[PDB]
Structure formats: structure tokens, C-alpha cells
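Coming up, as C-alpha cells: structure 1 and structure 2, two forms of one and the same protein chain.
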Structure 1
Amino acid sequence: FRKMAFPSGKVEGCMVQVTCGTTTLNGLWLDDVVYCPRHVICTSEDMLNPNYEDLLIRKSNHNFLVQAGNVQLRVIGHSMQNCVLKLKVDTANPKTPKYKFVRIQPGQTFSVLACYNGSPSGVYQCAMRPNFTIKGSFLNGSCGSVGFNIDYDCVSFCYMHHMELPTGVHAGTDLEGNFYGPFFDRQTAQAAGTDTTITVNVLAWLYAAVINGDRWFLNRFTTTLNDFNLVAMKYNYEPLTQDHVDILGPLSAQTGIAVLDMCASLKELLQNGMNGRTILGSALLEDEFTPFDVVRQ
């Protein structure tokens, strides 16, 4: 049972390089539009305190250098949508997949295609944390890298990368340019709210451990949903809803372990610890696999 990303080819064909002045990052080329973080228009000094509408009105189409491979695409128009810039180019991307823009929920997962200078570097799986950060792997020039899910050859873009917080976690926007979380694209110290653990995902992962022959954490006990949520809240876990219980149905039916019985197991894990034992090779409770992730794998 591995953290598994979606095949990235459909997204690789969409990555381009965007330069304004001496600022360079990645863009996403779909049909005849390139989407990229708006702070590409910023000088270094601008980023410390930008007034984006005022900075953008002072730019011309010819200030935007867009490169796809070695081929320059001419910008023929531009607009700003929240924190994303939409550059109209004079060429349609022939490799545009069927796609949609979606805004995801805390706890959902997605694949990230990390890119530098318009070129793909690596692919990995991420989750939207409850505090709306993501634990990514992003370096200088990675902005404009996107997160996505793939469903029957349709790419659902959900994330575009903008910033790294001092704790090393990452913040970004949906493809309408609205940040996930209370963050904003100004270079100034920003802390995230206290994070919590995605309970439904921990349970899905415990079910994965049982589907793969590991049962040592199970117990003969049971619990009510309300009594479980009291202990979960005490340990900085998110509430478990009845919708969550229903979503875990196929995993419980597959294993014959009632959801509330697995909750009792997690409650004992939380109160007793793991005592140096491991689950699927992990020394800690893993919360970045959704129920759908477990089933698909």
C-alpha cells in the first residue's frame, strides 16, 4: 500500500514558462489561455507589498514572455481573476485534455506535478490539510505548479502553487485564484491556524492495513459515534460525521469490520499509542489517504 499519484502526462502537456521582467514561474496552458500566479508581474520589491490592480494596469501584453518548450507563444490579451492571471495567447494548446476546475474540501487528496521553468520535475500525492495548507515539496520557481485528480481521462485541476510558510508547509489557490485558507500573496510572515488530523482518512488507512493482512491494532470493543468524537476532538482530530461513516461503508463491508468498531480501535490507538509498533510500515497514524484512495488501490 503506497502513496500513489495519478499519471501526470495529461498535465505535462499543459505546462509552460511565464516571465515578466526578471520574474519567472510556471503556467498552465489550456486551449488559448495560460493560467499562472499573478505575482509573476511583481519585481522582488513589489512582492513585499503589492497593489496588484495598480501593478497590472501598468503592464502590456508584450511584457509577458510565454515559452512552451522552445517555442514562444504571443500574448494577445490578459485579465486577472483573484490571485490568478489569465494570459490569452495566439495559439491553442493541441494537447489540452478534457478538464474541469474544482475547489476541493479539506481532507481530499490530489496529485501535484512539481515544475520548474515550465518543465515537469516530479509527481507526488498531497492532501488539503484541515487548516488549508498542504505538505508539499516545492522549491524556488515552482509557483504555477498544479494539483489535480483524473477521472476517466478528465483532469480536475484543484490547486495552483503560490507560497511556502515559515513552517515549511505550502499555500495556494484554486484555479479561480481564490486561496485555500486565510493566506494572501504578499511576501510577509504568515502563520497557519493550528492543524488537525483527518479522522476519516486515518480510518480508511486502518482499513487498508486490514485489507493487507495487518490486524494487530483491532480490539473486541465498540463505541458510539458521539463518544468517539469526544475522544477524537480531545486529540485534535476532526469530527467524524454520519456521511463519513456512510462513505466508509464499502471498506467496512469488504472487511466485515463495522465502522464504529474501527473507531474503537483508533480510540485505543490514540489513548495507548502505538508502543513502537508500525502500521503499513509507518510509526505514526497516516491521514493522507481518502476512502476513495484506499479502494482505488
Structure 2
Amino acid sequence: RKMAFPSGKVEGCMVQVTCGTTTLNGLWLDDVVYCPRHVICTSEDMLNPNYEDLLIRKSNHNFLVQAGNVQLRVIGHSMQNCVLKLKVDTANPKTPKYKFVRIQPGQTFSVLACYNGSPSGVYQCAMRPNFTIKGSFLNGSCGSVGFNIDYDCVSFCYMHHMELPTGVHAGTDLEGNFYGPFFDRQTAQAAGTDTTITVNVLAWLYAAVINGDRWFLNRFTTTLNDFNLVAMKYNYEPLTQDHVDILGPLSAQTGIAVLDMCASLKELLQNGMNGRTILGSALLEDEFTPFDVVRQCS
């Protein structure tokens, strides 16, 4: 299954931020609230906002931060890239142990979809190689965050900003830097051509081997360079050393070398599946990470 992390530690951090008639979601950690900076924007200055100039015309008392219907008094404000940081006079007592991290394409995370500071649902997302996610977001969702949880430490990696004309979604890390070549303005922007997440397909093949489905295992190997050149001819991502390293645990568990599995996938790309299934599916799955695979058997 696509399995999200339990969302409770994040739910306790969700607030709403209103500037004018514009309300979006914010993230309340200790005595700072993080939210998309375009909350300060007006309907007439959003085609290309001068955020620096627009923020100079703003004061602490222009910002309405609410935990539910309880107002949190704002005592400071600053901008860091595309996020606004509102210092408030109350430390959130539900603040979990947390980190801010920037994830890489192929990595998965849970999204807590929120409207008016109230969580509405949770689901797993994979960052595509073109730095979009296939999410489920409506108006009012901006400021919803994505996260992973490791040993009760919440690593926030995504804050929601945009829906591209193709219906996929784009956002920033929690330091306000967009994933991919996008901008927080009211314009139609296009992602790069997407590719298949090779390291995740490999993890999926390891998962099939773990469960006894191993017809696709062959008697060949490859170099990583040779595989990377063939992979790109099939719209598959090239592998990095970090991808090879994160496949280590599954490689050891099955006893199938990473480069051996690469040679197995290489056959699958050049010969097709031939009406055979892998884990009961005609299509190769590329949104399970190596960690997701080990977790679903741990």
C-alpha cells in the first residue's frame, strides 16, 4: 500500500494566517509560524509581485494568526526566500522534535492537506524528477506541509504553493526555496519533461524478489555508466552513487547485487514484460523508495 505517516504530530502545528482577505495555512513550531509569503499579496499585484516592496508596507499588526479561533499575537516578521516567518508571543506546546530538510527527486513524504488551518486528509507523495508532485490540493491548501517521521523526529520537507496547468503541484522546502524551476506568482508555468524514478523501480523489483516473484532475474551484470546511458534512452533517470548506496540494504537482504538488478531492469526495458506481471501488475511502480519497501516488511 501507499502508506502515510501518522499525522498527529503535524496536526498540532497547523494554524491559519490571514493578511487582508487572504487566508492560508501556517506551521507553528516553537514561537515562529511559517507560511507562504504570497499571503501578503493583493489580487492586482500577483502577476509579478515585488515581495520586498510589498512586505515593507506591512507591519506586525497586519497579520492575523489563529490556532482555531484563538489569535496568536505576532511580534516579528521576516521573509526567507518564498516563506514568511511570523514570530509569535507563544511557544507551541505541541511542537515535536523536528528538522527542516530538502529532499531529492524520488524521495517520498506524507502530505497533510489543510484548509483554513484545519487538517483534511493525509496521503503519500513522491517528488518527481521534474520537481512536481502528483498531489490532491484545492483552493485554500497553500501552506500545507509534507513530512517524514523518523523515531518521533518530524522532518519537514515541503510547503505547498502551486498547481501547474497540467494538474500537478509545486512547492518549496521550509527555507522557502522552490523545488524545481518555479516561482510564486500567478502565472502558468511548465515543468520539465518527467522521467521514471529508476532507483524506486529497482526497490520495487527487490520487493518482488523478497516476496518470491523473481522470474525477471537474469544472468548478466552491467557497469553503472553503461546502465545510465541505456536508462536515459528509455526516459529512466540515471543513477547516482547515493541511489546505489540506499539500495544496499535490499541488495544484502536478497543477495542480488545492485548492478545485477540493474542488468535485470535493463532487460525489462529492452524486451518489455511480455504479458507477465511483477507483484501482480503489468506496470512497473516508481513511487516506492527503498525505505518504503523495507518499512512495508518491518
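Basically, rigid core = biggest C-alpha set you can superpose within 1.5 Å across the two forms. Counting starts at 1 and follows the sequence of structure 1. Residues that one form lacks are left out of the comparison.
Assigning each C-alpha to whichever rigid part's superposition fits it better places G147 and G276 in two different parts between structure 1 and structure 2. The angle of turn of the smaller rigid part against the larger, between structure 1 and structure 2 and from C-alpha superpositions, comes to 18 degrees. For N70, the CA shift between structure 1 and structure 2 after superposing the rigid core equals 2.0 Å. For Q17, the Cα deviation between structure 1 and structure 2 after core superposition amounts to 0.4 Å. For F217, the Cα deviation between structure 1 and structure 2 after core superposition amounts to 5.6 Å.
206-232, 240-285 are the runs of three or more consecutive shared residues whose C-alphas all shift by 2 Å or more between structure 1 and structure 2 after the rigid core is superposed.
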